[PDB]
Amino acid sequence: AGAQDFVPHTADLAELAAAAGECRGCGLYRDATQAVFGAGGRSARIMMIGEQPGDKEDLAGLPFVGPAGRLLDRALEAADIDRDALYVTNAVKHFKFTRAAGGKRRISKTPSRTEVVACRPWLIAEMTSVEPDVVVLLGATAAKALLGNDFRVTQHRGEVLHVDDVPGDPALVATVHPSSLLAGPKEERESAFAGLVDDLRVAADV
C-alpha cells in the first residue's frame, strides 16, 4: 500500500532518491515541485527525521535549508555534532502546502496520518540503507511515524526509546521541531534551544 511498490529493491541512496522522484504513493506529488529525499551518506551513525520539506526545500531539493534548518545547524554545532556526518530526511517527502493572499511564502500543511503511513516505506528504506545507531525524531509528525499516532513528544523529552518494529532496533530520541524555536518569548526560545541541544547530545552519546 502507499509508496511500497515505488520503492526499488536497493539500498543505494542515489537510486532510492531517483525512484522517489517517480513516487505516486499519495497525492502530495501532484502539487509539489519534486520529491526531497534525505541528504547524507550511508556511513552516518545518526539519522534525523523532520516532518516534510518546506517552501525552500521543495525548490532546493535538500532538507532543512530554510530558517528551521539554520536553527538546527546552530543547535548541532552547540551539541558538537557535524551536520555533514548525519543522514537528514523527513517523514513525508513531498511538500504539502497552501498560499495566503499577501503571504511571503508557501505555508506547510500538516500531513495526514494517512500520508505519513503511505510515505513511511521510504523511511524504512532509508533506515535499512543507513543502519543508523540512533534516530532523532524532530517534532510530532516524525515521532509519531515511528512511535505511534498517540505518541506525545512533549512527554518523553530526554529519553532514549527503543521499539520492536523499527528496522535494526536503533535508539530513538524524540525532540522539539526546530520550527517551534523560531518564535515566542525570548526566555522560552532560549530554554527550548538548550533542551534541543540536550536531546541532540543524548542521541550522539548512544
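Heads up: residue numbers just count along the shown sequence, starting at 1.
Compare the mean C-alpha B-factor of 96-104 with that of 123-131 as given in the PDB entry, and name the stretch with the higher value. Between 96-104 and 123-131, it is 96-104.
Taking only the CA atoms, which stretch has the higher mean B-factor in the record, 71-79 or 87-95? On average, C-alpha B-factors are higher across 71-79.
Split into thirds by Cα B-factor across the chain's modelled residues, where does residue 139 land: lowest, middle or highest? Its C-alpha B-factor belongs to the lowest third of this chain's values.
According to the PDB entry, is the CA B factor of residue 23 in the bottom, middle or top third of its chain, that is, lowest, middle or highest? Its C-alpha B-factor belongs to the lowest third of this chain's values.
Relative to the other modelled residues of the same chain, rank the CA B-factor of residue 148 and answer lowest, middle or highest third. Middle third of the chain for residue 148's C-alpha B-factor.
CA B-factor placement of residue 180, once the chain's modelled residues are sorted into thirds: Its C-alpha B-factor, which the entry lists for residue 180, ranks in the highest third among residues of this chain.
Based on the entry's values, in what third of the chain does the Cα temperature factor of residue 169 lie: lowest, middle or highest? As the PDB entry reports it, the C-alpha B-factor of residue 169 lands in the highest third of its chain.
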